[PDB]
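First, one chain by itself: the form deposited without D-MYO-inositol-1,4,5-triphosphate (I3P), in structure tokens.
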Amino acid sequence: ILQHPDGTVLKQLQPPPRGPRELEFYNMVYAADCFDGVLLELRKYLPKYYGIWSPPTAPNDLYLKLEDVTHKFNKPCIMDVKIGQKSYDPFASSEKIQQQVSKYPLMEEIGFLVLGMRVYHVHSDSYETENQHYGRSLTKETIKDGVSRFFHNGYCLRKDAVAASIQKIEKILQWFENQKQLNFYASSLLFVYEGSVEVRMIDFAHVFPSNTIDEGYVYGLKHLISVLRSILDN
């Protein structure tokens, strides 16, 4: 992810098949002549899409130009959460499945994994960051405190941002409860709040056509909402 002051990000396509699949996802959802009610509603929850982009002198080098969801914030607090029970897709080999489950074997039980967070601390005027090892170290005993950390600014728990996050996730959940045409593996929610609220879906290299409800995604969203709700009682 490269941030541009124009308020966009350039996301370099991942190696095939992942990068091309992400491109096709955006192209399908944002098809100008698309009138599919499901997909028009989905647009609300994605970064705005500005098309494929490559450097003037390098047509080989493919990027997606996307809305920078963090741009409108002064001190954005950012958390990336992978959603679902499975972070491998329906075409994964035994070996790849094992690779993916190995990365976080609690995915089936918890239904989400914190990929990272960056939290503005008011008292020190500084950011505290967690990397991928943080979320992969969380268990059923520790997930609630693990998520809470995102919303702690050094002096208070930001229950306002927690509640707003629940309200925004609930709309995404409603979208998922009302579509049976796409299943999403290894995709994420990006949470952003002002540390001095956004909740958007990102990372679409493993989105596949389906004829059923995305039950792993729904389980994950519901578990995540339940955790957030519990935090409101702290």
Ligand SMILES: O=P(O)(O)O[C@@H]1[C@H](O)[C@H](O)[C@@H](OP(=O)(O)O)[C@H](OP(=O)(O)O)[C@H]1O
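The term rigid core refers to the most C-alpha atoms you can superpose between the two forms while keeping them within 1.5 Å. Start at 1 with the first residue shown and count on from there.
Farther-lying stretch by C-alpha RMS in 9 other deposited structures of this protein (rigid core fit) among 159-167, 85-93: Taking the RMS over all superposed structures in 9 other deposited structures of this protein, 159-167 lies farther out.
Higher C-alpha RMS shift from the shown form in 9 other deposited structures of this protein - 150-158 or 119-127, rigid core fit: With the rigid core fitted, 150-158 is the stretch that strays more in 9 other deposited structures of this protein.
Unresolved deposited residues in the interval that joins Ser196 and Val197: Going from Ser196 to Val197, the model skips 4 to 9 residues of the deposited sequence.
Mean Cα B-factor comparison, 29-37 or 166-174, giving the higher one as deposited: So the stretch with the higher mean C-alpha B-factor is 29-37.
Entry-level comparison of average CA B-factors, 215-223 and 13-21, reporting the higher stretch: Stretch with the higher mean C-alpha B-factor: 13-21.
Residue, from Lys140, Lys82, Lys86, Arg118, that the PDB entry assigns the highest Cα B-factor: Result of the comparison over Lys140, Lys82, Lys86, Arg118: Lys140.
Record-listed C-alpha B factor of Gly51: chain third: For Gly51, the deposited C-alpha B-factor lands in the middle third.
Chain-relative CA temperature factor third for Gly154: Within its chain, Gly154 is a highest-third residue by C-alpha B-factor, going by the deposited values.
Assigned third (lowest, middle, highest) for the C-alpha B factor of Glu108: Tercile = lowest for this residue's CA B-factor.
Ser187 - Cα temperature factor, lowest/middle/highest third of chain: As the PDB entry reports it, the C-alpha B-factor of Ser187 lands in the lowest third of its chain.
Ranked C-alpha temperature factor of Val114 among modelled chain residues, by third: Tercile = lowest for this residue's CA B-factor.
Unshown form deposited with D-MYO-inositol-1,4,5-triphosphate (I3P) bound; subsequent notes refer to it.
Position in contact with D-MYO-inositol-1,4,5-triphosphate (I3P) when the complex is considered in the entry with it bound, options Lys103, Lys75, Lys144, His121, heavy atoms within 4.5 Å: For this set of options, the contacting one is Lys103.
Single option in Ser148, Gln85, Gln132, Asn153 placed near D-MYO-inositol-1,4,5-triphosphate (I3P) in the entry with it bound, where near means a heavy atom within 4.5 Å: None of the others qualify; the residue that does is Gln132.
Residue contact check: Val199 to D-MYO-inositol-1,4,5-triphosphate (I3P) in the entry with it bound, 4.5 Å heavy atom: So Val199 does not count as contacting D-MYO-inositol-1,4,5-triphosphate (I3P).
Distance check, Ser93 to D-MYO-inositol-1,4,5-triphosphate (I3P) in the entry with it bound, heavy atom within 4.5 Å: Close contact is absent here: in the entry with it bound, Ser93 is far from D-MYO-inositol-1,4,5-triphosphate (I3P), nothing within 4.5 Å, heavy atoms only.
4.5 Å heavy atom contact, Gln99 to D-MYO-inositol-1,4,5-triphosphate (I3P) in the entry with it bound: Because a heavy atom of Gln99 falls inside 4.5 Å of D-MYO-inositol-1,4,5-triphosphate (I3P) in the entry with it bound, the answer is yes.
Residue contact check: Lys222 to D-MYO-inositol-1,4,5-triphosphate (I3P) in the entry with it bound, 4.5 Å heavy atom: The answer is no: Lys222 has no heavy atom within 4.5 Å of D-MYO-inositol-1,4,5-triphosphate (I3P).
Interface residues of 175-208 toward D-MYO-inositol-1,4,5-triphosphate (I3P), as seen in the entry with it bound [heavy atoms, 4.5 Å]: Going through 175-208 in order - heavy atoms within 4.5 Å of D-MYO-inositol-1,4,5-triphosphate (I3P) in the entry with it bound - the hits are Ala186, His206.
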